[PDB]
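Listed below are the residues making up each chain.
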Amino acid sequence: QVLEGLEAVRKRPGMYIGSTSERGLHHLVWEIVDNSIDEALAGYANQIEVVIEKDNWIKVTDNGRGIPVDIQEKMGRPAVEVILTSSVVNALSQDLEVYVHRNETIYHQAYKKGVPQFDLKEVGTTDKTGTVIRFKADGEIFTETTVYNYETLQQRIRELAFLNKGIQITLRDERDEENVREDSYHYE
Ligand SMILES: Nc1nc2ccccc2[nH]1
Ligand SMILES: [Mg+2]
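Residues numbered from 1 in each chain as written, not as in the entry; some residues may be left out. Chains lettered and ligands numbered in written order. Heavy atoms only, no water. Residues with missing side-chain atoms left out of burial classes, pairs and counts.

Method of determination, as given in the entry header: X-ray crystallography; reported resolution: 1.45 Å.

Put into structure tokens, the structure is as follows:
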């Protein structure tokens, strides 16, 4: 059960993500980015964008197939809900949002500490496929710092692009609207 899983992750977060230090905070980004890379290596995505948003929200966008939304056999819930309510990133985020572009439709769900706040809802239409995940790390868990280091993200994003040639991976810092930094990596 999903609620018992959320309890277990939040009780011993370091056993899942290594630590709750600044290292563990950045690990949240890598968990999400690794899923986008998996989708690229499977043959379905080639562009990943990581944005550090105002108040240290992280937004990760990919142009994969979109996390499936079909009503699943096990849970009787949309697949995306099942997948995200078992995500360690969701459990350790005070807030998380997903937008799935799939079936020419945009689907949205939001969560707090892993708990869905409402049922998956159709919010719009689209001519693309892919997934947007936005999350705010839980300061109750990450007690040292919740502020991302641009250089730390940049170094690993550049490395990921070099290791997975053909994937365009972009990093953008929007925390200061007057001074926005972007680096874009695409190895050939
Ligand atoms: N593309 C993608 N990104 C994801 C993030 C969390 C769970 C599944 C995912 N699939
Ligand atoms: Mg994964």
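What follows covers the packing of helix α3 (residues 22-41) against helix α6 (residues 150-163). The contact between α3 and α6 brings their axes to 11 Å, and the two run at 20 degrees. Of the possible angle classes, the one that applies to α3 and α6 is roughly parallel. As α3 packs across α6, the resulting crossing turns out to be right-handed. Of the residues in α6, those touching α3 at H26, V29, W30, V33 and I37 are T152, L153, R156, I157 and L160. (Axes fitted to C-alpha atoms, helices over the stretch in contact; angles between N-to-C directions. Helix = DSSP H or I, 4+ residues; strand = E, 2+ residues; numbered from the N terminus. Parallel < 35°, antiparallel > 145°, perpendicular 65-115°, else oblique. Left-handed = near helix turned anticlockwise from the far one by under 90°. Contact = heavy atoms within 4.5 Å.)

The next point concerns the site of ligand 1. Around ligand 1, the surrounding shell consists of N35, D62, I67, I83 and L84. Measuring from a nitrogen atom of ligand 1, one finds a side-chain N or O atom of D62 at 2.8 Å. Classifying every residue of the shell around ligand 1 gives 3 nonpolar, 1 polar and 1 charged. (Near = heavy atom within 4 Å. Polar contact = N/O pair within 3.5 Å; in protein donor to acceptor, adjacent residues only side chain to side chain. Nonpolar A, V, L, I, M, F, W, Y, C, P; charged D, E, K, R; others polar.)

Our next topic: the environment of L41. Among the secondary structure elements, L41 is positioned in helix α3. Overall, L41 belongs to the exposed group, its relative accessible area being 58%. Considered as a pair, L41 and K165 are 124 residues apart in the sequence and their alpha carbons are 9.9 Å apart. (Buried < 20%, exposed > 50% of the residue type's maximum accessible area, 1.4 Å probe, protein only.)

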